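Report on one structure; see the data block that follows.
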Amino acid sequence: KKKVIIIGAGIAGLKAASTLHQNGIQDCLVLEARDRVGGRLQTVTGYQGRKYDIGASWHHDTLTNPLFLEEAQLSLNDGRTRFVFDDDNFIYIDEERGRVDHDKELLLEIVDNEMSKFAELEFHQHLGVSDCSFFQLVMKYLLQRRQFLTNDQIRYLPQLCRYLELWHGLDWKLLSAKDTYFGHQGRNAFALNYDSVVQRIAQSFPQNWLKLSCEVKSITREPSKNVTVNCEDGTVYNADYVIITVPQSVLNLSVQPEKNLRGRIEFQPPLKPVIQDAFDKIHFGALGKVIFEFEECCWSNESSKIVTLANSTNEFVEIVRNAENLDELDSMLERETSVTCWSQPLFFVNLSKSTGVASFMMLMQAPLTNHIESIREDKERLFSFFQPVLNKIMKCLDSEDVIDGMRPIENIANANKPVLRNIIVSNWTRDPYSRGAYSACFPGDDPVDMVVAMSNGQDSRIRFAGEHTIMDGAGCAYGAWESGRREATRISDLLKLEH
Amino acid sequence: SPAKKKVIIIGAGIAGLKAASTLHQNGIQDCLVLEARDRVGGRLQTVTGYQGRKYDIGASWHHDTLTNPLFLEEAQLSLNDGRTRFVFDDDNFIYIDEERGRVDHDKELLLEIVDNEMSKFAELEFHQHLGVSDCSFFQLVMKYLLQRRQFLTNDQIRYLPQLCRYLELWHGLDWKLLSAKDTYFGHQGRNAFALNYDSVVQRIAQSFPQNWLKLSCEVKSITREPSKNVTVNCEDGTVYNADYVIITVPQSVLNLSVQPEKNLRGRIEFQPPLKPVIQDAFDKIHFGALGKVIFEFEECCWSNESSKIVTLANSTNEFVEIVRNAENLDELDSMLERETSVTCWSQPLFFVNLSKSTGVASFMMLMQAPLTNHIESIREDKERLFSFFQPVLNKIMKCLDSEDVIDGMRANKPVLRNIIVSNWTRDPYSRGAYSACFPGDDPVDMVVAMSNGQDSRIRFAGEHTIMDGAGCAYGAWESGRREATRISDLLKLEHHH
Ligand SMILES: Cc1cc2nc3c(=O)[nH]c(=O)nc-3n(C[C@H](O)[C@H](O)[C@H](O)COP(=O)(O)OP(=O)(O)OC[C@H]3O[C@@H](n4cnc5c(N)ncnc54)[C@H](O)[C@@H]3O)c2cc1C
Ligand SMILES: Cc1cc2nc3c(=O)[nH]c(=O)nc-3n(C[C@H](O)[C@H](O)[C@H](O)COP(=O)(O)OP(=O)(O)OC[C@H]3O[C@@H](n4cnc5c(N)ncnc54)[C@H](O)[C@@H]3O)c2cc1C
């Protein structure tokens, strides 16, 4: 009865719908499990009505990013602000030493650059001769270049370089070394309302096309051409083509028994083996976010980028200087609990410099992410956990210890002191319709397989879109956006040609 | 009559020395190294200045230390004897504008960040691309600015282009003469400042029979005897005959061979003449002019925040307006037309603050063509050199919390005691710094022709005869090992039954 049925109203599904309408196609649907559109793009509201992108926040690769360029044109035409370039010189903070960024003797940034070059050479033309973890690679580097590194460099470098965990959403001992380093095609552009992006695209097509709260439970290849879709609530539909944009992790459920899993779609016939095997090449990371809202800014706005390094030790240096080899290094490193805010690196965006708002947008990674999200309702504990790093940051930015005012008590004493008024946490790892952040590589994974299998589709009528179905912008908002235009345009041309 | 030798190496630069070292290493005897100058090392030369202070006036750093084979060797030696042979002197650069002062690591200008974007821009422009026309590095920067103007601030559009030019000092060419395709490139790790490149030269020179070395013999001609031999004539009249010859003279010098007039210093008359493949490659590759000037002071009385300092050439706000008002590339190329002499603010200058990295109170400054040629042409007029650089020197002292320099060439003020200048564009056995690319050049051409040789017996080595480490000291070193190894392989067949 419908030309195209799109499953999922994230940026992937919405752009497709937008594209179809744009190409004169009608009788199309967008079945979304949630009670809202946007998918992993969600802008929440907190203290005094401030807004934040608890999901995607930045426009990456602004040199080639087509979605960004589109937003740029709009802004060029109407003069409105839709984004701000917030790249800045990073401020790195160690609990004991304080700031270690741009240091005349540590020069951590410089050796960090050699490290990435080292990673580049390590995997160059060799099909990744036996892959390891990002952790293993950093150790190999330290062992190989010890002769050219000071004691402090061997101590802090490995902790500084782990900011990359916040790009992938995985601890360095879980991250694939081969995929760790990547090149960004230009500066990043912090979106000032990714919801504005969602809204514009969402409005692009006939509203009656949208069907919220439709959890698709099964897709069947109607042995007669058309495809049939059923939403948990009973309703059944049928269309010429279907575009499945559910996240990789959710789609991965289809290869298990008992369609009992929330979100799991029942494919009939099942998804061909080329697809099933693709999932063996790992994926899904866990990038999390915690927003810290203060009454107002009373600290230095030198930079909008800040990272706290996990604790490190001088004994680590000694072990590195003494290891006779890689094996001896591993064993020696083996030193036999309890996680704290100083157990992993943490990335903070000081929103005051870039947007004027007195709040910090912090990024976290697996395994910390699921732990912090698990206790997202317990603000008291959340504060206790991050208080020590929140205090060190304020001390390094010419201010003082944070005052807990989540349960306010107006006091004049808190004149020039930072007053925390609210904490917000993401929930992606616990949300069944997302089950994590976005595709990521565990040592031994090959991302290309999924892209190929996905972009090829189950068959002529069952296509796939989403951040896990494309090479350029993979795992990125613009990637999904473009993958959405891809499927739409393809079906759009086929329909126009039919006669 | 003419002495019979197995292998004759022309030139005692690093290429030639490594060639000889390798031959000996492989047990080859009765060889010879003929060098025109009265010293070995070639473009590797360490001079002495004020109070016995030493400076490399030619090569100074070990580049690409992650894979540089020469550096790895030097490092192995220091690991076993504890002697210091080099020092990793990379640092955060200090950028200075004449009117504005320091503009580095600036929280509002964020020049370094857009510079990274610029390079990525260049990378995407070429690389992995076929049929892409090259242009000047300058034009490339103009294209970036026009294309990203919507995301650049006025001050960024004004200063970024001037900071981007630090790259001129890596090529020894002004941004309008530099091939954009070759501007950017990969650095395999940090750089290590040699604490005596001459120290590297000596070790290699001493690793083979000392009676092999014949300095002060300028070779005038090389002839292949159709009888399977090569005759080599020195200017002093001595004649030699050898089975193989490895020619390592500079590309600019070898170039003289393809021209009439045999009375030019360094020129070698080839018979038969150099094959057309080689001759024509001289059209697709050029020679840059990286130059040096050492400013020696009594003592340090300035900040040692960094060992790397760069002064940007003057810029104007009118430039900005033009980038803002341009309608397209052509439009911009047009408007950029103005109706006067060169000064120290007319181009970027790179200074190495040796006081931090070596503890010596001096500045090692690098300059590029066309400035290099003009500065070397007046290197004997110290007073004139000082007047020319005084303003950038003062501006620097100001930014490093000090005061105007005092001419002391004849309490807390910087006193200039001596000035040393390079001479590579004038030395007939050098005629420039090293191989460089003009827009449209194809260096692969010369490399291929050189590495293939004139014929089985007449081979070539040098910084211009190899891809990996092209233009670098370790590239010349490897090219030397390459030719020696090939020859050893061939002479190996002599002992088969
Ligand atoms: C914390 C975080 C930060 C990020 N930051 C950035 C960033 O700064 N820049 C960037 O470029 N990218 C970022 N990303 C990635 C980016 O958000 C995603 O790549 C992109 O949003 C994926 O889009 P999508 O349209 O494929 O799916 P959307 O989630 O991403 O999901 C597709 C839709 O399918 C629906 N669905 C699932 N199961 C069913 C079912 N059974 N029936 C019906 N509907 C179903 C979902 O509810 C959803 O609406 C971030 C991701 C996270 C988690
Ligand atoms: C100012 C400057 C700075 C530099 N800095 C660096 C740096 O930091 N790092 C780096 O890696 N590289 C640097 N280089 C480049 C490096 O010095 C060269 O790549 C390398 O020294 C070239 O070695 P070569 O053995 O091929 O030739 P050498 O000049 O380079 O020359 C070979 C020899 O041939 C001799 N010769 C010439 N004609 C005749 C003849 N007719 N008869 C007999 N002998 C003859 C010469 O006198 C010479 O000794 C720099 C170069 C310059 C000019």
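The numbers here are math on the coordinates, done by the rules we state, and not lab data. Note that we place each Cβ from the backbone using ideal geometry, even for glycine, and neighbour counts take in every protein chain shown.
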Per-residue ellipticity at 222 nm attributable to helices in the protein assembly as shown (runs of n ≥ 4 DSSP H, -39500 (n - 2.57) apiece, nearest 500 deg cm²/dmol) works out to -9500 deg cm²/dmol
Phi angles of the stretch A:51-59, converted by Karplus (6.51 cos²θ - 1.76 cosθ + 1.60, θ = phi - 60°) into ³J(HN,Hα) in whole Hz with x for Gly and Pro, give 10, 8, 8, 5, x, 5, 10, 9, 8
Ordering B:368-378, A:145-155, B:249-259, A:433-443 by per-residue average of other C-beta atoms within 10 angstrom, highest first, gives A:433-443, B:249-259, B:368-378, A:145-155
The rounded separation in angstrom of the Cα centers of the stretch B:114-144 and the stretch A:133-168 is 32
Quick calc, the stretch A:7-119, dipole around Cα centre from Cβ unit charges on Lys, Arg (+) and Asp, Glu (-), nearest 20 debye, gives 660
Partner shielding of A:21-31, as the mean number of partner chain Cβ atoms within 10 Å, equals 0
Partner shielding of A:112-123, as the mean number of partner chain Cβ atoms within 10 Å, equals 3
Per-residue Cβ contact counts at 10 Å, fewest first, order A:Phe68, B:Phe208 as B:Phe208, A:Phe68
Using alpha-carbon positions, the gyration tensor of the stretch B:18-140 gives root eigenvalues a ≥ b ≥ c; with a/c under 1.5 called rounded, otherwise prolate if a/b exceeds b/c, else oblate, the class is prolate
Measuring from its Cα centre, the protein assembly as shown shows a charge dipole (+1 at each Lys and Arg Cβ, -1 at each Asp and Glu Cβ) which, in debye to the nearest 20, is 1300
Result: in the stretch B:184-332 the number of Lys pairs with C-alpha under 23 Å apart, spaced 8 or more or on different chains, is 8
In terms of the alpha carbon gyration tensor, root eigenvalues a ≥ b ≥ c, rounded if a/c is under 1.5 and otherwise prolate when a/b exceeds b/c or oblate, the stretch B:164-271 is oblate
Bridge orientation stat for chain B from DSSP, antiparallel percent rounded to 5, came to 60
Partner shielding of B:131-141, taken as the mean number of other chain Cβ atoms within 10 Å, equals 0
Heads up, the stretch A:319-412 by the C-alpha gyration tensor (a ≥ b ≥ c square roots of eigenvalues; a/c under 1.5 rounded, else a/b over b/c prolate, else oblate) looks prolate
In debye to the nearest 20, the charge dipole size for the stretch A:379-499, taken about the Cα centre with +1 at each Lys and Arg Cβ and -1 at each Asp and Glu Cβ, equals 380
Dipole check, chain A, charges on Cβ (K,R +1; D,E -1), about Cα centroid: among A:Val216, A:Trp172, A:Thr308 the Cα furthest to the positive pole belongs to A:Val216
If B:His286, A:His124, A:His59 are placed from fewest to most neighbouring beta carbons inside 10 Å, the sequence is A:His124, B:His286, A:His59
Here the percent of antiparallel bridges among DSSP beta bridges lying wholly in the protein assembly as shown, to the nearest 5, is 60
Percent antiparallel among DSSP beta bridges confined to the stretch A:1-111, nearest 5, equals 55
Links exceeding 26 Å between C-alpha atoms in this model, out of A:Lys178/B:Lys18; A:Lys217/A:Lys496; A:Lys117/B:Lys395; A:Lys173/A:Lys353; A:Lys104/B:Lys395; A:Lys104/A:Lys173, come to A:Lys178/B:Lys18; A:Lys217/A:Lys496; A:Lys117/B:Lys395; A:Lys173/A:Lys353; A:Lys104/A:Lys173
Using alpha carbon centers only, the stretch B:355-390 is separated from the stretch A:87-105 by a whole-angstrom value of 35
